[PDB]
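Trainee: First the structure, then my questions, so here it is.
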Amino acid sequence: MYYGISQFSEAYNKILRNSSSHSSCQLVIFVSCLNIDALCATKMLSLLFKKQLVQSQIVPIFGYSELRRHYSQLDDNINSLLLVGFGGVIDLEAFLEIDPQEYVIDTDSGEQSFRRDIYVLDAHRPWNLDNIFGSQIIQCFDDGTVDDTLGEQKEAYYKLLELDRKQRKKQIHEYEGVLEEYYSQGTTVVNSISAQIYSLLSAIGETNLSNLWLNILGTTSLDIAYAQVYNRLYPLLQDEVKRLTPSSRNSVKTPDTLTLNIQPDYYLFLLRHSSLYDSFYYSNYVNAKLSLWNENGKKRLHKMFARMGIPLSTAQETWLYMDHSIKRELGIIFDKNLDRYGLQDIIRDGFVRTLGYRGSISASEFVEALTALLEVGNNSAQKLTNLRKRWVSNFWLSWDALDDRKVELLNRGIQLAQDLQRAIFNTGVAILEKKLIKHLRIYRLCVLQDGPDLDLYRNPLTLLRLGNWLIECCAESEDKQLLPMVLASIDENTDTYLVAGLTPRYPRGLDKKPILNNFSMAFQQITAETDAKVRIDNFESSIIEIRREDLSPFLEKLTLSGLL
Amino acid sequence: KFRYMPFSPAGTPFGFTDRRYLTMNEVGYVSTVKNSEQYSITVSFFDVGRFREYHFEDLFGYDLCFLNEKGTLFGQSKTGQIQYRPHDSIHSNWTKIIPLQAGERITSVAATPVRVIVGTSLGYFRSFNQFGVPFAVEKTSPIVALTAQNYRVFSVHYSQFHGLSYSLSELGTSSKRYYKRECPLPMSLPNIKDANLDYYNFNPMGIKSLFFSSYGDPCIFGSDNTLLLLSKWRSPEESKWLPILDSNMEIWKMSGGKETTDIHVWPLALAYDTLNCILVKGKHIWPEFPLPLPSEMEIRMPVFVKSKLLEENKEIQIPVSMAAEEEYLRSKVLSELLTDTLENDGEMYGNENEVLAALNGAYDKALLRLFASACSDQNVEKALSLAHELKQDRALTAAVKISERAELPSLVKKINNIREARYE
Amino acid sequence: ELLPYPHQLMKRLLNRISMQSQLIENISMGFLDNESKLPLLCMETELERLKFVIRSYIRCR
Amino acid sequence: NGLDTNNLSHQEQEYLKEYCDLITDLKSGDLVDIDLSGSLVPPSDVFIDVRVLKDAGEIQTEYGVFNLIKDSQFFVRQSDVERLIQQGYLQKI
Amino acid sequence: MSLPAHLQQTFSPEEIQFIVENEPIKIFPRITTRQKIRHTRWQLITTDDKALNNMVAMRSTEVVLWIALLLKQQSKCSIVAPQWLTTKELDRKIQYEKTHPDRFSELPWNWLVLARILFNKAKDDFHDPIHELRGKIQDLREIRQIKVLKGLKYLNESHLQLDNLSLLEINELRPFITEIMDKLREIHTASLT
Amino acid sequence: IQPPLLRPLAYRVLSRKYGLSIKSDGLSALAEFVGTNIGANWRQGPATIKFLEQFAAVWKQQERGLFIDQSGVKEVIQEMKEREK
């Protein structure tokens, strides 16, 4: 709203006018650590700033309290502050207690100018009305969907701000009702931060194949959470790939030759890097369809391989080492057998960027390797701070792996993704056998006391991966009602349960508005009411840390909460 | 009979490729890429500091593209749709459709800082302002090619009965003038191998490019590839075309006697005394979508005899006298053009006057070499004629020294008389 | 063998370096107050290379 | 010293201190414009990305203060970051 | 000491690269640094400033190779490929070396370093494909190495002549050849009465 | 007093001289010391150079700009200058 999508390049030009100086480094960039879309957007922005030669600093951030503490240490020489993938939903000016009058310089002439300007980007469509409108130092970026939805909201909000009689009471009540209808709504992502940065780069004309690949990776990270948004973005990415596609086609192989290929990308687990059978085994959709957590599901997978006619050993053999003719026949075999088993949804299209002898890599496998690098790239509050520093180091490691020269780093991320997905599948099968998930009819409650992977689930990425596997199982299971899910894992050292909200999703065959997440506001109300300690410092409000004993009374209050 | 097709300067046919250069010039090279029958358009700018590149998908697939620093022109000849996008784009990129009769198509287009030029295969001409307001509607001979260097405009009109012709105009911001109107063009059309035939299908005239010089003098690169420049164009009565560069002869001389067919020449613009031209190789006359840096070639007279050069060859060698003759001719033409440009257009840079003085000195040196050759011939009359043609009396001092070296008393006496006359 | 020390050439180069550094400082003050720092970076790199060459020769001596 | 005392003799330690003083004195005076203690590697790269090998914190520059928070990358001229690299705080971006 | 022990005898490959950078090279500008008669200036103390200040877009100009590469880092500069750095010229040099095993092809002393640097940066500017030029450079390097092996087989204490040998090859061969020749000269001197 | 004005000056005079880190707070403290003289104290610049040299000789510690030790070192150098007077 405050900056139109067409005006994003104008805001970048203003940032250049404010902080572009060979004499001094007057720019600073803040990015929410352990966010794939924010990481891709920050990489594109850093490349653009390097082309602009404007010196700047990059500091990954884990939570809102960390962001406030970082803002406390900001240098006055920096006249511009940037936020990537966070702070849109909240009123950052209210959170940081910023004063436009204190910041405003040369306010008079009807021109607003501040010593430090704050630019905000966030994937979630919901944005605090005060953040979008109230704060001028905050300059929210939107695709125009926020403006379209907030026409009436901004009319009511400005009318309420102006309004201070029974008729006046009725008008103020109407404005408050519109504002509240905008409020108390489950947060949802409608656009990718990488997509917004790519739109700004297209307004500047600066978009290239690498930037398009980064935006595609951000969209692919979004894909599991919002398949609908991924479907909306995929045709645009294909059009961009066609526009930027080199005129030469079927070019002779050489290491320098690089191109992005729009090719089928089946819903399988690292099929290029993992054996065919294991790629089928680690697929959440495959497990959710065949009930692979059961030995009956494993036997169904074996029978499907037999019906396909590939030897079971051939499927279990490494895909790179598999036979050349079988690789070409795999597409026809899939088209024949996935329909027979009803798993035809596995067939899918995905961008795969190639570079000569370095070869082609799918966006899904790259995003999986990046998530693994973020998860495992390396007094209890001090230990959590050290772990957040380790998470920032993992974010830096993933950023370094984003460089093409760090193909070995990307491969290490791929191996870590294989290990993490194996652990997630084992934990999910064990949880299904244990029936740890409980259908409370207000939500689905699950708490983890298992020794393995608890320290991994203390990482929100691994916790969310396990939750996504369970959600895929529940979504493919028609008998399982689509309900909000609660996942609570506890690390013994901190002795606190990491509770994160999980909205239900439709089965991959189905494609209905996604369920809004009430867990954020529900946990906020439950934390305000309950004496049990709960952490909201993290940028993800749904994710929360609560002590081991604190969780159970908090869980009772959560079931009591009407928001869920 | 002749086929009327849209013409864009340095335009490249799609051919086998789905993508092609819509037009190319020193201001920038425009390349369109087919995208599901909607040809995406990219507008590259050679001056990176002056302009930022902008690429936009085009469902129209405008077959006509003209590039000027004020803005980029786009046009679909069959539909008549014409879109003009200012380079700053602060003014909205206006688009409009022109009335095209059955069988009428836009043969070419041109851009002006304050106006937009439109020409039709039927010969109808429509003038529009920079805001798109039609400033004039007219009918003329079919303008096969349109070129406009800022306010200056140079067009080529052709018909089966009218023949090759060209109209020159300096419209200016006001007081529009036509320096020449459909004056006959002395150029030869290509005969109508397969790649050359396809290039003829793309551009029936065969003109590789029609463009003004960096100083604004009219120029063109015909199908024969021998570069032509309109000398003394400021005076219409004394204006004359000059085959300033023979690209085929230059290619042969650089090849050293070898005859290469795959090599070609493709000019985007002509710098002063040097053509900024890509030398397309391979079967295709037009260059590939990737753009090699243009080859800069100084102007070369066609006076060189290929048979004499081959006899010298027995990496090509030229006689010193032939080199001096070509040098003196080129220097005289360049000095006349520089004098006209400095008199009328002034000096865009202050070094032009010093360059003209150095060119006069080099012309005098070439004349002195020719005078030494005439002394070797022992023709005192020819040597005296060369000395009379010499521009500077200071160079005539060297001419008299050369006559003394030739030990011709008649030449020395005539040179002394010429020294007295020049002193007078 | 150590070469004889060229005092005049070394002193002229040092004076040129001093004047160039002073001019670069003046340009920096003006910028802090056309505006293109690319020539300033070129001059800074040239001064750095010249100073490195002089220091290497002096260290070898 | 321009930018294991037990192993050295006492006279050797005094000699090393005198040598460091002599180096500082040679830089302190004539030819002070060029840091004689500066690296002898040719200036191959004018600009190079830099990030902390260690979390030293704020650091000085020609006209800026840069945080050295762990794994924090930068884009700066090589000359300004040469001293920080000599300190070892930042390595290879 | 002030001089590293390895640097006491021969220049480093980076130093040879610095010398090659000190050499000039032609390039095509994309900025009208020249101002019309109708601004920051280089004012270089070790090199010409007039060429840089007079550069215009797509107007070929020569500048020191280090400055040329610095500008090529930006999109404004496109380096002009050396004429000897063409496939035909490389084939001619290879044929000359084949016809003359004793005589090295008249390549520039910095031919190897220049080809490597251009492959690192100026690979785009080459009209000929970079891979063919790299293969030709490797073939020429192998031929020159075989010739160097034969010459080392034919060493003499008095002197040696290497006309067209690359500067990088000379720098690499300086330690071994110098030490061997010095030892042979010492042996001959001890043999002398 | 005028810490921003002395900042490039202090940065040069200290970091170029010894490689010692100068904190912004230490530069501000040196600015207050400079402003202790009502007018510009150019001799105090050489006094600060002598103070930095004495600090390097005694403490021999990097990051002397933290100014917790540099303030006491400034008092010591001022007493030394008073004894010199």
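We name chains A, B, ... following the order of the structure tokens; residues begin at 1 in each chain, and ligands are numbered from 1 as shown.
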Using DSSP assignments from the backbone, pull out every residue in chain D that falls under strand (DSSP E) and give it to me as a PyMOL selection string.

Mentor: chain D and resi 47-51+58-60+65-67+73-77

Trainee: If we count only C-alpha atoms, which residues of chain D reach to within 7 Å of chain F? Please list them as a list in words.

Mentor: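 On the chain D side, the interface is residues 3, 60, 62 and 63 of chain D.
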
Trainee: Limited to N, CA and C atoms, could you put the picked residues into a file as a CSV table (one decimal), in the first residue's frame?

Mentor:
chain,number,residue,atom,x,y,z
D,3,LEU,N,52.2,-4.6,12.6
D,3,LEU,CA,50.8,-4.3,12.5
D,3,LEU,C,50.1,-4.8,13.8
D,60,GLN,N,36.6,-0.2,13.2
D,60,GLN,CA,36.7,1.1,12.6
D,60,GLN,C,36.9,0.9,11.1
D,62,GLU,N,37.4,3.8,7.3
D,62,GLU,CA,37.7,5.2,6.9
D,62,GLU,C,36.6,6.1,7.3
D,63,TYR,N,35.3,5.8,7.1
D,63,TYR,CA,34.2,6.6,7.5
D,63,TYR,C,33.1,5.7,8.0

Trainee: Dump as a tab-separated table the rows for residues of chain C within 12 Å of chain F: closest atom pair and distance in Å with one decimal, only C-alpha atoms counted, ordered by chain and rising residue number.

Mentor:
residue	atom	partner	partner_atom	distance
C:25	CA	F:8	CA	11.3
C:28	CA	F:8	CA	11.6
C:29	CA	F:8	CA	11.3
C:32	CA	F:5	CA	11.9

Trainee: Keeping only N, CA and C atoms, write the selected residues as a tab-separated table (two decimals), in the first residue's frame.

Mentor:
chain	number	residue	atom	x	y	z
C	25	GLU	N	42.18	13.85	-0.82
C	25	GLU	CA	41.55	14.29	0.43
C	25	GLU	C	40.63	15.48	0.20
C	28	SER	N	37.54	14.18	-1.34
C	28	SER	CA	36.74	13.51	-0.31
C	28	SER	C	35.98	14.52	0.53
C	29	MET	N	36.63	15.63	0.90
C	29	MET	CA	35.94	16.68	1.64
C	29	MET	C	34.80	17.27	0.82
C	32	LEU	N	31.97	14.81	0.77
C	32	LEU	CA	31.30	14.81	2.07
C	32	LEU	C	30.43	16.05	2.25

Trainee: What residues in chain D lie within 9 Å of chain A, counting only C-alpha atoms, written as a PDB file with C-alpha atoms, in the first residue's frame?

Mentor:
ATOM      1  CA  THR D  61      36.840   2.048   8.886  1.00  0.00           C
ATOM      2  CA  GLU D  62      37.700   5.164   6.891  1.00  0.00           C
ATOM      3  CA  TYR D  63      34.232   6.617   7.543  1.00  0.00           C
ATOM      4  CA  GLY D  64      32.267   3.810   9.181  1.00  0.00           C
ATOM      5  CA  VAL D  65      31.859   1.425  12.093  1.00  0.00           C
ATOM      6  CA  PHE D  66      31.131  -2.172  11.079  1.00  0.00           C
ATOM      7  CA  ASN D  67      29.814  -4.879  13.380  1.00  0.00           C
ATOM      8  CA  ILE D  69      28.833 -10.300  14.398  1.00  0.00           C
ATOM      9  CA  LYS D  70      29.528 -13.969  13.718  1.00  0.00           C
ATOM     10  CA  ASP D  71      29.161 -14.915  10.036  1.00  0.00           C
ATOM     11  CA  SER D  72      28.324 -11.364   8.891  1.00  0.00           C
ATOM     12  CA  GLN D  73      29.382 -10.639   5.299  1.00  0.00           C
ATOM     13  CA  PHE D  74      30.371  -7.306   3.776  1.00  0.00           C
ATOM     14  CA  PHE D  75      31.402  -5.715   0.480  1.00  0.00           C
ATOM     15  CA  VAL D  76      34.305  -3.290   0.934  1.00  0.00           C
TER      16      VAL D  76
END

Trainee: To test your reading of the structure, identify every residue in region 20-84 of chain F that backbone DSSP assigns to alpha helix (DSSP H), and report it as a tab-separated table (two decimals) with N, CA and C atoms, in the first residue's frame.

Mentor:
chain	number	residue	atom	x	y	z
F	24	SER	N	34.18	4.31	18.89
F	24	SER	CA	33.52	5.60	18.71
F	24	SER	C	33.37	6.33	20.04
F	25	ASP	N	33.11	5.59	21.11
F	25	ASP	CA	33.03	6.20	22.43
F	25	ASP	C	34.38	6.77	22.86
F	26	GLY	N	35.47	6.07	22.54
F	26	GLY	CA	36.79	6.61	22.83
F	26	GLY	C	37.11	7.85	22.02
F	27	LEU	N	36.67	7.87	20.75
F	27	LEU	CA	36.82	9.08	19.95
F	27	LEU	C	36.03	10.23	20.54
F	28	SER	N	34.83	9.95	21.05
F	28	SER	CA	34.03	10.99	21.71
F	28	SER	C	34.71	11.49	22.98
F	29	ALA	N	35.33	10.59	23.75
F	29	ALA	CA	36.06	11.00	24.94
F	29	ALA	C	37.25	11.89	24.58
F	30	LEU	N	37.98	11.52	23.52
F	30	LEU	CA	39.06	12.38	23.04
F	30	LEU	C	38.51	13.72	22.56
F	31	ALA	N	37.31	13.72	22.00
F	31	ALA	CA	36.67	14.97	21.59
F	31	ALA	C	36.37	15.86	22.79
F	32	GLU	N	35.87	15.26	23.88
F	32	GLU	CA	35.63	16.03	25.09
F	32	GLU	C	36.94	16.57	25.66
F	33	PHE	N	38.00	15.77	25.59
F	33	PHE	CA	39.32	16.25	26.02
F	33	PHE	C	39.79	17.42	25.16
F	34	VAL	N	39.54	17.36	23.85
F	34	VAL	CA	39.92	18.46	22.97
F	34	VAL	C	39.09	19.70	23.27
F	35	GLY	N	37.80	19.52	23.56
F	35	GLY	CA	36.93	20.64	23.88
F	35	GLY	C	37.18	21.22	25.26
F	44	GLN	N	47.24	19.86	21.25
F	44	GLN	CA	46.63	18.71	21.90
F	44	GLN	C	46.53	17.51	20.97
F	45	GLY	N	46.60	17.71	19.66
F	45	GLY	CA	46.67	16.60	18.74
F	45	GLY	C	47.96	15.82	18.90
F	46	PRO	N	49.09	16.54	18.90
F	46	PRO	CA	50.36	15.89	19.25
F	46	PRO	C	50.37	15.33	20.66
F	47	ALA	N	49.68	15.99	21.59
F	47	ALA	CA	49.56	15.45	22.94
F	47	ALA	C	48.81	14.12	22.94
F	48	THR	N	47.76	14.01	22.13
F	48	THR	CA	47.02	12.75	22.01
F	48	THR	C	47.87	11.69	21.33
F	49	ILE	N	48.70	12.09	20.37
F	49	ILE	CA	49.63	11.14	19.75
F	49	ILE	C	50.61	10.61	20.79
F	50	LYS	N	51.14	11.50	21.63
F	50	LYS	CA	52.04	11.07	22.70
F	50	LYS	C	51.32	10.18	23.71
F	51	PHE	N	50.06	10.49	24.00
F	51	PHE	CA	49.28	9.65	24.91
F	51	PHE	C	49.07	8.25	24.32
F	52	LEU	N	48.78	8.17	23.02
F	52	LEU	CA	48.63	6.87	22.38
F	52	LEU	C	49.95	6.10	22.38
F	53	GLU	N	51.06	6.80	22.15
F	53	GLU	CA	52.36	6.14	22.19
F	53	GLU	C	52.67	5.61	23.59
F	54	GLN	N	52.39	6.40	24.62
F	54	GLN	CA	52.61	5.95	25.99
F	54	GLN	C	51.70	4.77	26.34
F	55	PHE	N	50.45	4.81	25.87
F	55	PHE	CA	49.54	3.69	26.11
F	55	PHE	C	50.03	2.42	25.43
F	56	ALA	N	50.55	2.55	24.20
F	56	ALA	CA	51.10	1.39	23.51
F	56	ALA	C	52.35	0.87	24.22
F	57	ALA	N	53.16	1.78	24.78
F	57	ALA	CA	54.36	1.36	25.48
F	57	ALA	C	54.03	0.65	26.79
F	58	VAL	N	52.99	1.10	27.49
F	58	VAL	CA	52.69	0.57	28.82
F	58	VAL	C	51.70	-0.58	28.74
F	68	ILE	N	37.89	3.04	28.73
F	68	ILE	CA	37.92	2.77	30.17
F	68	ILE	C	39.35	2.88	30.69
F	69	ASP	N	40.31	2.34	29.94
F	69	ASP	CA	41.72	2.53	30.24
F	69	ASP	C	42.28	3.80	29.60
F	70	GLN	N	41.71	4.22	28.47
F	70	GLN	CA	42.25	5.39	27.77
F	70	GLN	C	42.01	6.68	28.54
F	71	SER	N	40.93	6.76	29.32
F	71	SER	CA	40.72	7.95	30.14
F	71	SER	C	41.78	8.08	31.22
F	72	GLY	N	42.09	6.98	31.91
F	72	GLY	CA	43.17	7.00	32.88
F	72	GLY	C	44.52	7.26	32.24
F	73	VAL	N	44.73	6.71	31.04
F	73	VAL	CA	45.97	6.98	30.32
F	73	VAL	C	46.04	8.45	29.92
F	74	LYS	N	44.90	9.06	29.59
F	74	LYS	CA	44.86	10.48	29.29
F	74	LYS	C	45.22	11.31	30.52
F	75	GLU	N	44.70	10.92	31.69
F	75	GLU	CA	45.10	11.60	32.92
F	75	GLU	C	46.59	11.45	33.18
F	76	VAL	N	47.13	10.26	32.93
F	76	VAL	CA	48.56	10.02	33.14
F	76	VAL	C	49.40	10.87	32.19
F	77	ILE	N	49.01	10.93	30.92
F	77	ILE	CA	49.75	11.71	29.94
F	77	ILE	C	49.63	13.20	30.24
F	78	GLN	N	48.46	13.64	30.72
F	78	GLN	CA	48.30	15.03	31.11
F	78	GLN	C	49.20	15.38	32.30
F	79	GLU	N	49.30	14.47	33.27
F	79	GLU	CA	50.23	14.69	34.38
F	79	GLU	C	51.67	14.72	33.89
F	80	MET	N	52.01	13.86	32.93
F	80	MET	CA	53.35	13.88	32.36
F	80	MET	C	53.64	15.20	31.66
F	81	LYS	N	52.66	15.73	30.92
F	81	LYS	CA	52.82	17.02	30.27
F	81	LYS	C	52.95	18.14	31.30
F	82	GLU	N	52.20	18.06	32.40
F	82	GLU	CA	52.32	19.05	33.46
F	82	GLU	C	53.71	19.01	34.09
F	83	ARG	N	54.25	17.81	34.29
F	83	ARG	CA	55.62	17.69	34.78
F	83	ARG	C	56.62	18.23	33.77
F	84	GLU	N	56.35	18.04	32.47
F	84	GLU	CA	57.21	18.59	31.44
F	84	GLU	C	57.17	20.11	31.43

Trainee: Using only C-alpha atoms for the distances, tell me which of C:4, C:35, C:9, C:22 is nearest to chain E.

Mentor: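 Result for the nearest residue to chain E: C:35.
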
Trainee: Show me, as a tab-separated table, the residues of chain A having an atom within 10 Å of chain E, each with the closest atom pair and its distance in Å, using only C-alpha atoms.

Mentor:
residue	atom	partner	partner_atom	distance
A:51	CA	E:74	CA	8.3
A:254	CA	E:131	CA	8.6
A:255	CA	E:131	CA	10.0
A:256	CA	E:131	CA	9.7

Trainee: Do you know which residues are at most 7 Å from residue 24 (chain E) counting only C-alpha atoms, after dropping those on the same chain fewer than 4 positions away, and could you put them as a tab-separated table (two decimals) with C-alpha atoms, in the first residue's frame?

Mentor:
chain	number	residue	atom	x	y	z
E	62	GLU	CA	43.73	1.18	-25.16
E	63	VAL	CA	44.45	1.35	-21.42
E	64	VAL	CA	46.60	-0.47	-18.88
E	65	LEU	CA	45.37	-4.04	-18.53

Trainee: Select all residues from chain C having any atom no more than 8 Å from an atom of chain E (counting only C-alpha atoms, ignoring ligands), output as a ChimeraX atom specification.

Mentor: /C:16,20,34-40,42-43,46,50,59-60

Trainee: Give me a file of those residues, with N, CA and C atoms, as a compact mmCIF listing (two decimals), in the first residue's frame.

Mentor:
# COMPACT_ATOMS: atom_id res chain seq x y z
N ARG C 16 54.89 13.88 -6.09
CA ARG C 16 53.67 13.61 -6.85
C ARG C 16 52.68 12.81 -6.02
N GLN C 20 48.98 14.06 -4.96
CA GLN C 20 47.82 13.25 -5.31
C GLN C 20 47.00 12.90 -4.07
N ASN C 34 31.25 17.31 -11.15
CA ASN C 34 30.15 16.41 -10.81
C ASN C 34 30.49 15.57 -9.59
N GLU C 35 29.67 14.56 -9.31
CA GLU C 35 29.84 13.67 -8.17
C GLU C 35 29.98 12.24 -8.69
N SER C 36 31.21 11.85 -9.02
CA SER C 36 31.50 10.50 -9.48
C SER C 36 32.78 10.05 -8.78
N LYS C 37 32.67 9.04 -7.92
CA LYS C 37 33.80 8.57 -7.14
C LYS C 37 34.65 7.54 -7.87
N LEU C 38 34.26 7.13 -9.08
CA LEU C 38 35.07 6.18 -9.84
C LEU C 38 36.45 6.74 -10.15
N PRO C 39 36.59 7.98 -10.62
CA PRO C 39 37.94 8.54 -10.79
C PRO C 39 38.73 8.63 -9.49
N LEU C 40 38.05 8.90 -8.37
CA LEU C 40 38.73 8.92 -7.08
C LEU C 40 39.26 7.54 -6.72
N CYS C 42 40.06 5.25 -8.90
CA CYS C 42 41.18 5.02 -9.81
C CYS C 42 42.45 5.67 -9.29
N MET C 43 42.35 6.92 -8.83
CA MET C 43 43.51 7.61 -8.27
C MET C 43 44.01 6.92 -7.01
N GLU C 46 45.87 3.80 -8.04
CA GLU C 46 47.16 4.17 -8.62
C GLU C 46 48.16 4.55 -7.53
N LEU C 50 51.66 2.60 -6.70
CA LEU C 50 52.94 3.31 -6.70
C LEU C 50 53.63 3.21 -5.35
N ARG C 59 62.53 -1.71 0.52
CA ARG C 59 62.78 -2.88 1.36
C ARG C 59 63.87 -3.76 0.77
N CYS C 60 63.88 -3.93 -0.55
CA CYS C 60 64.96 -4.68 -1.19
C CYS C 60 66.30 -3.98 -1.00
